[PDB]
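Scroll down for the structure; my scribbles are underneath it.
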Amino acid sequence: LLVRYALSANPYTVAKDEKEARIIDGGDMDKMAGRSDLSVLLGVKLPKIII
Amino acid sequence: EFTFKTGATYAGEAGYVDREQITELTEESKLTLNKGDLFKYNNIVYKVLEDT
């Protein structure tokens, strides 16, 4: 089975240190990492679950 | 392993045979990674953005 998708980032999400540009590739996560505006992450620190 | 337990991915760039060549995250290997080169743990593969 073969499935093909795009999985690109939303616009207005220019990569850091490049900023002003017009051919931004919204697929390379390495440039887009953290440089988004429509999604805000927040981790949580909790005690472990003993197994 | 159960698909719905690990959360890892094998179909795609991660691959399975590819995981053989990937460096293993160890207490010694942590202070050697650089930009680019991947690393796996619990058969979940990451890649390092920021150097060291």
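Identifiers in the structure tokens: chain A, B, ... in order shown; residue index from 1 per chain; ligand index from 1 in order shown.
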With 12 Å as the limit and counting only C-alpha atoms, what residues in chain A lie close to chain B? Please list them as a compact mmCIF listing (two decimals) with N, CA, C and O atoms, in the first residue's frame.
```txt
# COMPACT_ATOMS: atom_id res chain seq x y z
N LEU A 1 0.84 -1.19 0.00
CA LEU A 1 0.00 0.00 0.00
C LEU A 1 0.88 1.24 0.00
O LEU A 1 1.87 1.31 0.73
N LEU A 2 0.50 2.22 -0.82
CA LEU A 2 1.23 3.48 -0.93
C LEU A 2 0.27 4.65 -0.78
O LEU A 2 -0.77 4.70 -1.44
N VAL A 3 0.61 5.59 0.10
CA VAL A 3 -0.18 6.79 0.32
C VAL A 3 0.75 7.99 0.25
O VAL A 3 1.85 7.97 0.80
N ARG A 4 0.30 9.05 -0.43
CA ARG A 4 1.09 10.26 -0.62
C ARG A 4 0.32 11.46 -0.11
O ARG A 4 -0.83 11.68 -0.50
N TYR A 5 0.96 12.26 0.75
CA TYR A 5 0.38 13.49 1.24
C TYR A 5 1.43 14.60 1.19
O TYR A 5 2.59 14.37 0.83
N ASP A 28 9.80 21.41 5.27
CA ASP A 28 11.02 21.08 5.99
C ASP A 28 10.85 21.50 7.44
O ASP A 28 10.96 22.67 7.78
N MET A 29 10.58 20.52 8.31
CA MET A 29 10.35 20.82 9.71
C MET A 29 11.56 21.48 10.35
O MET A 29 11.42 22.31 11.26
N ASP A 30 12.77 21.13 9.89
CA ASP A 30 13.98 21.64 10.53
C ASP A 30 14.05 23.16 10.50
O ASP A 30 14.60 23.77 11.42
N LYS A 31 13.50 23.79 9.46
CA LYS A 31 13.44 25.24 9.42
C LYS A 31 12.20 25.78 10.13
O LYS A 31 12.25 26.82 10.78
N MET A 32 11.08 25.07 10.01
CA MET A 32 9.82 25.56 10.56
C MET A 32 9.68 25.25 12.05
O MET A 32 8.75 25.76 12.68
N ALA A 33 10.57 24.44 12.62
CA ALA A 33 10.43 24.02 14.00
C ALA A 33 10.42 25.21 14.95
O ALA A 33 11.39 25.98 15.00
N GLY A 34 9.34 25.35 15.70
CA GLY A 34 9.23 26.43 16.66
C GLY A 34 8.77 27.73 16.04
O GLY A 34 8.14 28.56 16.71
```
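On the backbone of this structure, DSSP gives alpha helix (DSSP H) within chain A to residues 29, 30, 31 and 32 of chain A.
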Review point. Using only C-alpha atoms, which residues sit within 7 Å of range 6-19 of chain A once same-chain residues fewer than 6 positions away are excluded, as a VMD selection string?
Key: chain A and resid 26 to 27 31 to 32 35 to 37
So that I have them on file, write out the residues from the current selection with C-alpha atoms, as an mmCIF file, in the first residue's frame.
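Final output, out-v9.cif:
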```cif
data_model
loop_
_atom_site.group_PDB
_atom_site.id
_atom_site.type_symbol
_atom_site.label_atom_id
_atom_site.label_comp_id
_atom_site.auth_asym_id
_atom_site.auth_seq_id
_atom_site.Cartn_x
_atom_site.Cartn_y
_atom_site.Cartn_z
ATOM 1 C CA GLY A 26 6.508 24.812 4.682
ATOM 2 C CA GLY A 27 7.469 21.151 4.646
ATOM 3 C CA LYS A 31 13.440 25.242 9.422
ATOM 4 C CA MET A 32 9.822 25.557 10.565
ATOM 5 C CA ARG A 35 8.697 29.173 14.090
ATOM 6 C CA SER A 36 4.917 28.807 13.976
ATOM 7 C CA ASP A 37 2.165 31.126 15.151
#
```
Practice item. Please provide the set of residues having any atom within 12 Å of residue 20 in chain B, restricted to only C-alpha atoms, with same-chain residues fewer than 2 positions apart removed, written as a ChimeraX atom specification. Key: /B:14-18,22-24,38-40,43,45
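CA of residue 49 in chain A sits 20.6 Å away from CA of residue 1 in chain B.
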Check your understanding: If we count only C-alpha atoms, what is near residue 41 in chain B at a cut-off of 9 Å, once residues fewer than 5 positions away on the same chain are taken out, given as a list in words?
Key -> residues 24, 25, 26 and 46 of chain B
Print the selection's residues with N, CA and C atoms to a file, as an mmCIF file, in the first residue's frame.
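Saved file result21.cif follows:
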```cif
data_model
loop_
_atom_site.group_PDB
_atom_site.id
_atom_site.type_symbol
_atom_site.label_atom_id
_atom_site.label_comp_id
_atom_site.auth_asym_id
_atom_site.auth_seq_id
_atom_site.Cartn_x
_atom_site.Cartn_y
_atom_site.Cartn_z
ATOM 1 N N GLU B 24 22.432 4.785 18.633
ATOM 2 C CA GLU B 24 21.577 4.540 19.785
ATOM 3 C C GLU B 24 21.858 5.575 20.865
ATOM 4 N N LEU B 25 20.796 6.175 21.395
ATOM 5 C CA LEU B 25 20.926 7.139 22.481
ATOM 6 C C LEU B 25 21.396 6.417 23.737
ATOM 7 N N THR B 26 22.620 6.701 24.164
ATOM 8 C CA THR B 26 23.181 6.141 25.383
ATOM 9 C C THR B 26 23.649 7.270 26.289
ATOM 10 N N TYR B 46 14.549 10.265 16.478
ATOM 11 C CA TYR B 46 14.562 11.718 16.445
ATOM 12 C C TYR B 46 15.707 12.180 15.557
#
```
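Relative to CA of residue 13 in chain B, CA of residue 34 in chain B is found at 19.2 Å.
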